[PDB]
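Only one chain is included here, represented as structure tokens and corresponding to the form deposited in one PDB entry.
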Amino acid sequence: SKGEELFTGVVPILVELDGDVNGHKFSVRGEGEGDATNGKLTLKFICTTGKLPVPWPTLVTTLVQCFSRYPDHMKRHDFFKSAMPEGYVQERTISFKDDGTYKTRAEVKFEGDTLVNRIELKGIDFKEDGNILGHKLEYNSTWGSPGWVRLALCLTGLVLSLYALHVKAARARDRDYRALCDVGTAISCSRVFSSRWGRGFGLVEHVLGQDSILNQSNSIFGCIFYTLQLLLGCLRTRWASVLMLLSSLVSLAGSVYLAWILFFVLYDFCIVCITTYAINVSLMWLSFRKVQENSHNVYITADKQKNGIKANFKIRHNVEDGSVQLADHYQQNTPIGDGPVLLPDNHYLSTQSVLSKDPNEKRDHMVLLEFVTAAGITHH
């Protein structure tokens, strides 16, 4: 499109937002530059009216997708650049799960040589004690709390593993030892842990042999597993999530096998064993959900009825208590001018944000670095 030649250089950016959230009114100004060739934008935002009544991360999506890098084979699907320089109107509803809602309207046009994004934001039905009005979101921290849930599952698993190990040693030093989990002649964790399936899952011998250092009491694997689940719960990166998922899968397989042993070989209803199986399914589901929550894509489809596009996506904001806050975005773009625009096939934008602070800025502010690439259409 013709508007493309407006984006091959470095473009200055002005962003102006006036907001009102549960009656707390505020203004934000941002300035910076966009480099669509690299899909890179760098902007600094100031709250001009004082302290921002909402967390900065929640405003990132509102505070210029024409700076996305569309690969050469997808240039015919770049609506945002084709609406320039006249621009487009971008409207959104952002629904925060179990809390309030943002409603936004923006005009994005060229004024002289400046790309200008002017926004009105109205937020309603927010909880004063919630994560938003309560300022409980993490800004950019790379480690933090694991969350009450993960903490309970992992600590419980760790204590039960510790006691299991203690039982195995005590029973090995005394046949008449009766454990806490020795409930009856048919419920004896002592008998379970001291069975050959109590070491290396009764499998490590047949593969790596009996001297292998992997031939540890199953509860040793328990200690390491729950410990790593708990520390990985403290990291805020993709790879920690995948590791949590893989370890959860291994624990799942081992738990299914050990349950089969419990009911069809040992004829034992080991209450502590069933409990660790349940905890392990819980962690399986949590790591599965975590991996799903890792996706940051903007899903774009053409809207012929408005000669523009529509998009929807989910943002997950980290909460200081270790939980996550969902923000369901629904988005509409319509051209301002009357010249031709590109209506794309289905695709998505992949975006990466880096939030930081300016050590020299005394006003409430956000430094933002962003890389955005279009994808979702295979080049073949």
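Each residue number is its position in the shown sequence, starting from 1.
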Count up the deposited residues without coordinates from residue 41 to residue 42 and drop the result into none, 1 to 3, 4 to 9, or 10 or more. none
Name the higher of the two by mean Cα B-factor in the PDB entry, 321-329 versus 26-34. 321-329
Quick one: higher average CA temperature factor, 295-303 or 122-130? 295-303
Among 110, 143, 226, 96, highest Cα B-factor in the entry goes to 143
Would you mind checking which of 273, 167, 83, 286 has the top Cα temperature factor in the PDB entry? 286
Using the B-factors in the PDB entry, rank residue 100's C-alpha atom against the chain and give the third, lowest, middle or highest. lowest
Once the chain's modelled residues are ordered by C-alpha B factor and cut into thirds, is residue 350 in the lowest, middle or highest one? middle
On the chain's distribution of Cα B-factors, residue 361 falls within the third called highest
Quick check for you: using the entry's CA B-factors within this chain, is residue 89 in the lowest, middle or highest third? lowest
Please place residue 257 in the lowest, middle or highest third of its chain by C-alpha B factor as given in the entry. middle
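Although not depicted, the form deposited in another entry is the subject of the following passage.
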Answer whether residue 205 and residue 138 are in the same rigid part of the chain between this form and the one not shown. no
